[PDB]
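Peer 1: Need a 3D model of the following:
(chains A, B, C and D, ligands or ions: 4)
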Amino acid sequence: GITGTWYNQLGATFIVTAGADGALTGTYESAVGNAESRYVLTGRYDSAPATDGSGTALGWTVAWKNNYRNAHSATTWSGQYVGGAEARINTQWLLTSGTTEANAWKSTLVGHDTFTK
Amino acid sequence: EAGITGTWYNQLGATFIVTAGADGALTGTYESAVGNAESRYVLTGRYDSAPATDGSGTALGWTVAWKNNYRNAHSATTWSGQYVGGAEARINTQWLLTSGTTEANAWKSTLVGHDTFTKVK
Amino acid sequence: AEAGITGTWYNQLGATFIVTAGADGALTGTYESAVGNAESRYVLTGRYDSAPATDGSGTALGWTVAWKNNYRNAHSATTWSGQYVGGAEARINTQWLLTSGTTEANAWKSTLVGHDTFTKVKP
Amino acid sequence: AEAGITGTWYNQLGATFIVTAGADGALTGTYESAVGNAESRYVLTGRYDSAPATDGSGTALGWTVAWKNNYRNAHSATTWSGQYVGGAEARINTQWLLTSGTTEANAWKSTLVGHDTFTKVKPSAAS
Ligand SMILES: O=C(O)CCCC[C@@H]1SC[C@@H]2NC(=O)N[C@@H]21
Ligand SMILES: O=C(O)CCCC[C@@H]1SC[C@@H]2NC(=O)N[C@@H]21
Ligand SMILES: O=C(O)CCCC[C@@H]1SC[C@@H]2NC(=O)N[C@@H]21
Ligand SMILES: O=C(O)CCCC[C@@H]1SC[C@@H]2NC(=O)N[C@@H]21
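Peer 2: Numbers count the residues shown, from 1 in each chain, chains lettered A, B, ... in the order given. Ligands and ions are numbered 1, 2, ... in the order given. Next comes the structure:
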């Protein structure tokens, strides 16, 4: 149910394949911030979830370097896939930029993204 | 390689074994001493393979889904942070732990915290 | 629509937030949750920017509830941090942290995080 | 209210946190930051659990600063959420959210997250 092409409330394009082992692999493209064109992603998901109506746990990471640009930063998304006639992936995320140790207290942004097919 | 590649330990007694590839990949295993977890779990992630040379740390992140051959907690953690080199190198992080829940219980699905890793001991 | 932070507000979880914004920056009022280890109303206090920018920016604010009243005590506290938007509708967008008291061995799992959006028109 | 949470507290970033805990559950006082767009003292208010568990658990609490005083305005607010742990090495252990006001287009980057630990013993340094 997870494999396919997804979009969020910020105009992003999330392309991902879920392997039978628990792997997540694919590409991320952001419409905002210090970013252009596509970026590599990798993560993990629960391949035998509970059967009681609970969602399926997952996560993935992007490091914001590619052939066109390097922002010296990385985002991780943590959340759950909820199946159904209108499938969704609901997340919260942490964006850390590299800093001097004197600026380390302001290194990390927090937010939330919702994805649909 | 040297630097991030190695065996790391946090303040909760975890053992984090990782390899950093020249292509920006992180690969390895994670063992937790706390929570609904037993033995080792697979991890994967990414890092900046060309950091700034102005004294800044190196940005990185990784994910564990808590299922292996011993048990399954129906959950996953992501760690987001930076690597700082030198005589007392560290990896400094914040994390999000999401558990699978019904819709009505989604407001209490996610724990947040902070872990510091060192290569000593 | 009715402008101003002072008023009666509802979130996407069934909660009610009743607040007054004072001229010096203070927030005072009550909070009622429809989920968790809670019943009836609880005291809150907080702060807001009483002279915000006017370049399209929202108004920054925050408040705290400790989950003890005359009916129940959950031994926990939540803080909400966010901004009053000030666009075409009355809306406040927030992120929150809920910490429960724990022993030291359980402190790693002490804190939940999430996001609530509040509107004067019940959603 | 005269001891415990009440007192002068210091964190790992050089801040000074001066607070009084009332019998009624209230927190009142001043906060001074040594980093960021901030100068001199700011007003704070918050709440704590005035009847905590007796099994050895910490005391739950939270407070807010809006970063406006007579000297400057950063158009932002921070909330700290955490617990008080008493003893010879008493601490207040916290996680925090700092929201800046932004346009609707930039709302995705409005909020910083971190963690502060406070002690009643003033750090040594430096002159
Ligand atoms: O600015 C950077 O350092 C890199 C681009 C960051 C984009 C962020 S990741 C979280 C959020 N969701 C998106 O689709 N874009 C932003
Ligand atoms: O209980 C679970 O659902 C799985 C085990 C969670 C262990 C967490 S991950 C964050 C923190 N750091 C650790 O080393 N262990 C805990
Ligand atoms: O169970 C508790 O410890 C006390 C009640 C907590 C309810 C939380 S506060 C964050 C979220 N928003 C709501 O309106 N309710 C929940
Ligand atoms: O830059 C601003 O907008 C206001 C100053 C923010 C300072 C922060 S609050 C969290 C952290 N702890 C401190 O003692 N200082 C910083």
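
Peer 1: Adjacent strands (with direction) for the longest strand anywhere in chain A?
Peer 2: Longest strand in chain A by number of residues (criterion: DSSP state E): strand A:70-82. Sheet pairing for strand A:70-82, assigned by DSSP bridges, gives strand A:56-65 (antiparallel), strand A:88-97 (antiparallel).

Peer 1: burial count for the residue in chain A that chain D sits nearest to?
Peer 2: Distances between chain A and chain D by CB to the nearest CB are smallest at residue A:110, namely 4.2 Å. Where you see a C-beta, it was placed from the backbone N, CA and C, and this is true even at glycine. For residue A:110, the neighbour count with other CB atoms under 10 Å in any protein chain shown is 23.

Peer 1: Repeat that for residue A:10.
Peer 2: Counted by other CB under 10 Å, the residues lying close to residue A:10 total 14.

Peer 1: hang on, it is in a helix, isn't it?
Peer 2: No. Assessed with DSSP: H, G, I helix; E, B strand; the rest coil, residue A:10 is coil; it does not lie in a helix.

Peer 1: Please give me every residue in contact with it.
Peer 2: Residue A:10 makes contact with A:30, A:31, A:32, A:113, D:108 under the criterion CB atoms under 8 Å, 6 or more residues apart in numbering or on different chains.

Peer 1: Which ones among these lie within helices?
Peer 2: If you go by DSSP state H, the contacts of residue A:10 have nothing in helices.

Peer 1: Of the residues you listed, keep whichever come out buried.
Peer 2: A:30, A:113, D:108 (16 or more other CB atoms under 10 Å in any protein chain shown).

Peer 1: Just the closest of these to ligand 3, please.
Peer 2: residue A:113 (19.2 Å; CB to the nearest ligand atom).

Peer 1: Can you name the residues of chain A sitting close to ligand 4?
Peer 2: residue A:105 (CB under 6 Å from any ligand atom).

Peer 1: List the beta-bridge partners for the residue nearest to the spatial centre of chain A.
Peer 2: Among the residues of chain A, the one closest to the centroid is residue A:77, at 4.3 Å (CA atoms, centre = their mean). Residue A:77 has these beta-bridge partners by DSSP bridges: residue A:60, residue A:93.

Peer 1: what are the bridge partners for the residue of chain A closest to chain D, then?
Peer 2: With DSSP bridges as the criterion, the beta-bridge partners of residue A:110 are residue A:94.

Peer 1: how near is it to ligand 1?
Peer 2: Look at residue A:110 and ligand 1: by CB to the nearest ligand atom, to the nearest Å, they are 10 Å apart.

Peer 1: quick one: contacts for that residue?
Peer 2: Applying CB under 8 Å, 6+ apart to residue A:110 gives the contacts A:92, A:93, A:94, A:95, C:95, C:113, D:97, D:111, D:112, D:113.

Peer 1: Reformat those as JSON lines; add distance to ligand 2.
Peer 2: Below are the contacts of residue A:110 laid out as JSON lines (distance: CB to the nearest ligand atom, whole Å):
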{"residue": "A:92", "distance to ligand 2": "15"}
{"residue": "A:93", "distance to ligand 2": "16"}
{"residue": "A:94", "distance to ligand 2": "13"}
{"residue": "A:95", "distance to ligand 2": "19"}
{"residue": "C:95", "distance to ligand 2": "20"}
{"residue": "C:113", "distance to ligand 2": "13"}
{"residue": "D:97", "distance to ligand 2": "19"}
{"residue": "D:111", "distance to ligand 2": "21"}
{"residue": "D:112", "distance to ligand 2": "21"}
{"residue": "D:113", "distance to ligand 2": "15"}
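
Peer 1: distance from the centroid: which residue in chain A tops it?
Peer 2: Distance to centre of chain A, CA atoms, centre = their mean, peaks at residue A:102 (28.6 Å).

Peer 1: Can you give the distance of the longest strand of chain A from its chain's centre?
Peer 2: Relative to the centre of its chain, strand A:70-82 is centred 4 Å away, using CA atoms, centre = their mean, to the nearest Å.

Peer 1: again, but for stretch A:88-101
Peer 2: Remark: stretch A:88-101 is offset 10 Å from the chain centroid, using CA atoms, centre = their mean.

Peer 1: do the same with stretch A:37-47
Peer 2: Its chain's C-alpha centre and that of stretch A:37-47 lie 7 Å apart, by CA atoms, centre = their mean.

Peer 1: how about the CA coordinates for it, as CSV?
Peer 2: Listed next in CSV are the C-alpha coordinates belonging to stretch A:37-47 (Å, rounded to 0.1, in the frame of the first residue of the first chain):
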residue,chain,number,x,y,z
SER,A,37,15.4,19.1,-8.4
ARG,A,38,15.5,15.5,-6.9
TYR,A,39,17.2,14.0,-3.8
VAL,A,40,17.9,10.4,-2.7
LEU,A,41,15.9,9.0,0.2
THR,A,42,16.1,5.8,2.3
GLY,A,43,14.1,4.4,5.4
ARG,A,44,12.3,1.5,7.1
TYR,A,45,8.6,0.4,7.7
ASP,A,46,6.8,-2.3,9.8
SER,A,47,6.2,-5.2,7.3
